[PDB]
Protein chains: 2
Amino acid sequence: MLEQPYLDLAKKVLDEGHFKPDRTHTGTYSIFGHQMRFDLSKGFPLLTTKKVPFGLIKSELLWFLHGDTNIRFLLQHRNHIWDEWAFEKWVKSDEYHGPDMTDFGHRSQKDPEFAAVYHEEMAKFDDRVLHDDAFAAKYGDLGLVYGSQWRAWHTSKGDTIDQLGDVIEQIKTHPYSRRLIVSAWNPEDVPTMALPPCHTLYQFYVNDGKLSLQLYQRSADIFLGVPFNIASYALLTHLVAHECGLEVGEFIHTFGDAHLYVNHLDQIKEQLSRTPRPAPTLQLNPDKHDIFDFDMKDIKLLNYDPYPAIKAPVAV
Amino acid sequence: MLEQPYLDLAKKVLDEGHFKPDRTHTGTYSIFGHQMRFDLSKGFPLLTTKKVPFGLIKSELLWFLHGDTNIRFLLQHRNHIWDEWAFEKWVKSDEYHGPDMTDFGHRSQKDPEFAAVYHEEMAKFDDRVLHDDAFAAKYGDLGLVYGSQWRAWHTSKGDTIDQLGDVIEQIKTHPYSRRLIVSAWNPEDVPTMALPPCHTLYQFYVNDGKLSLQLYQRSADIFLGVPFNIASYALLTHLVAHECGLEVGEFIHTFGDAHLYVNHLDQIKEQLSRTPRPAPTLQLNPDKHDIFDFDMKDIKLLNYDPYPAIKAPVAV
Ligand SMILES: O=c1ccn([C@@H]2C[C@H](O)[C@@H](COP(=O)(O)O)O2)c(=O)[nH]1
Ligand SMILES: O=c1ccn([C@@H]2C[C@H](O)[C@@H](COP(=O)(O)O)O2)c(=O)[nH]1
């Protein structure tokens, strides 16, 4: 059944995982070095044992393919995955005349009244990124985020490199290259980044007419994050393959520190008693070929029948 | 037996490998996505089924740990692995008043008299890098090579970052980081590099007092190159662990395109009939703790009993 590598990765951390402290005041069960492999010709590896919001994945990947780093687009697409990073920047600066708000995400966990104070402050900031252009330009732009690492890597000489654009031209003219790599890790910037990229690097490969992609993810949250992560990069492999007139082959997910937070152990156990169902089919618009101009309506997910969502706390 | 992941990787390419053309006018059997794992507490994974020159590995790693990019040090250590890249630069420029020499490495394969002409031209250039300081400074310095990617990553602001130095300080103060990464891939430079780094990135991990390291190697020559590659990074894991007062745990080798050249198939088959022998022991100098000042005499390889070397052509 296609999602079995995930169930086996999760069962495996459950049984071999060494406890490890981490960042958040919440510990983890961790393993280092793991690789799973998904044959994208048998289906689209969106999980059927819990509901994953495919709309969120889809608009986030498009924001990256457009080389965009401003939250105004995700918000227009009802997507709020990157909000708090933008919000954090608002609250550490000069027009933020407002309530106590530092340590806010953790505080919301065991929040006083504070949770609706944070959540209406947040709804303020967001409405404003949507409607005040100059605000959006200043507190809505996250800067160094996947869209710019992938499509506007800044050089020493003050210019910008479109890593991804170029690798697509390389797949087109030189399919057999072993240099079809894109990277989000920049030595210069990760010293003072909020979150250095978890999806550090990925490599493309063409053989027998099929395109495959291998991702190196330095760090992964098995429960909350990996279901999204598998789906963003399986989507990218379909998208780049379409654009190059290639067939899809495998997605290979390689892990550095794969971890399960200590407050997610019941929910993963919960999920591990579900039987997988047949995999959804991805359908891509036949008329459009430039993936940089794909649009939500051009990506169709067919026949997805998940088990109910499982809710779990974001550990901080 | 410790080297079994290699024998199984080679047997596996032999049986699943899809033929693929490549760069050199010599084809390959290739696989994409592979990970093997070596428990460095059971021995040092230098191969016993063929003789690997451990002195060469050892001086090459030291040249990188010194952040050096000039061939004068390797030559002083009788090591010539990087010669041709330096030589290639000599021959494409102005003082090279000498014979026909372009396409030289391939031509040597089916060389006329040319092989001793190349090999004495080469012995000229090398004696000169050794003795003429200004020559060494100009045609002996390769530039962008592991020593500088690791220890003097050039920033936009014209300065230099010692990625490796810093990750060792991070292992010392924050062992549980998931950001202990070093990278040799630079978007800016790989457009016009001779050879973009094969060993693209590696990640460190500390748990239960042991240090582990995972390497992402985009491209590998199973026969000639991977025996060296396993040994350079198993050496680095011992060396950084010593320097941090840590015990050694695993080396995990992740592959992008793993390939076997078509003119190495008898020799790998040849090797696959040898039985492995017990693994050598690495012994490191107890008095020295700063690995940046390690020296050949401080690294001891104990009890290595290889099978004879197997000679095979460098494919070009
Ligand atoms: O699958 C994913 C990928 C990323 N993150 C990350 C990585 C860690 O789980 C967390 C904190 O970042 P680091 O400490 O790992 O750098 O955010 C997830 O939550 N899930
Ligand atoms: O194990 C190793 C590592 C590197 N190289 C490389 C990579 C390819 O085998 C060859 C050419 O470089 P690329 O075309 O792969 O970039 O030199 C090897 O020969 N063996």
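Read-outs: derived from the displayed coordinates by stated rules, not from any lab. All Cβ positions, even for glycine, are placed from backbone atoms using ideal geometry, and neighbour counts span all protein chains on display.
Partners of B:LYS51 within straight-line reach, counting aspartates and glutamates whose Cα lies under 19 Å from its Cα and excluding those fewer than 8 residues away in the same chain: B:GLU3, B:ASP8, B:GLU60, B:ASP221, B:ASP266, B:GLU270, B:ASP305.
Across chain A, the longest piece that holds none of the GluC sites (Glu not before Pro) lying in DSSP loops with up to 15 other C-beta atoms within 10 Å covers A:114-316. Give the separation of the Cα centroids, region B:58-101 to region B:191-215, in Å. Region B:58-101 and region B:191-215 have Cα centres separated by 24 Å.
This model, with +1 at the C-beta of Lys and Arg and -1 at the C-beta of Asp and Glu, gives chain A a dipole about its Cα centre of some 980 debye. Looking at region A:167-233, the pairs of alpha carbons with a distance over 17 Å make up 52% of the total. Take each peptide in A:226-232, B:162-168, count the other Cβ atoms within 10 Å of every residue, and average; sorted highest first, the result is A:226-232, B:162-168. Of the candidates A:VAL262, A:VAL13, A:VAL129, which one comes out as most mobile in a Gaussian network treatment of chain A with C-alpha springs shorter than 10 Å? Highest fluctuation of the listed residues: A:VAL262. Rounded to the nearest whole Hz, the Karplus-based 3J(HN,Hα) values (6.51 cos²θ - 1.76 cosθ + 1.60, θ = phi - 60°) of region A:92-101 follow the sequence 8, 10, 4, 7, 5, 10, x, x, 3, 8, with x at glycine and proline. Among the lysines, select those whose C-alpha is under 20 Å from the C-alpha of B:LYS20, and discard any that sit fewer than 8 residues away in the same chain. Reachable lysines: A:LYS172, A:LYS210, B:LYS11, B:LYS12, B:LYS269.
Distances, shortest first, from the label point of A:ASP295 to those at the same position in the other copies read 7.0 nm; the point lies 7 Å along Cα to C-beta. Semi-axes of the equivalent ellipsoid of the protein assembly as shown are 43, 27, 27 Å, computed as sqrt(5λ) over the eigenvalues of the C-alpha gyration tensor in descending order. Amide H contacts for B:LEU201 (H built 1.01 Å from N in the peptide plane; partners 5 or more residues away or on another chain; cut-off under 5 Å): B:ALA184, B:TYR216. If you take the Cα centroid of region B:126-163 and the Cα centroid of region A:216-240, the two points sit 38 Å apart.
Highest average first, the peptides B:40-47, B:277-284 ordered by how many other beta carbon atoms sit within 10 Å of their residues are B:40-47, B:277-284. Within the set of other residues whose C-beta is less than 14 Å from the C-beta of A:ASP68, count the net charge using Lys and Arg as +1 and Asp and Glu as -1. For residues surrounding A:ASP68, the net value is -3.
Each copy carries a label point for B:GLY225 at 7 Å from Cα toward Cβ; from one copy, the others' points are 3.0 nm away, ordered from shortest. Take each residue of peptide B:155-162, count the partner chain Cβ atoms within 10 Å of its Cβ, and average: the result is 3. Taking the label point 7 Å along Cα→Cβ, B:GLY98 and its counterparts in the other copies are spaced 6.8 nm apart, in ascending order.
Remark: C-alpha extents of chain A on the principal axes read 60, 50, 37 Å, sorted largest to smallest. Put a plus charge on the Cβ of each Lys and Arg, a minus charge on the Cβ of each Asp and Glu, and nothing anywhere else: the dipole of the protein assembly as shown about its Cα centre is then about 1840 debye.
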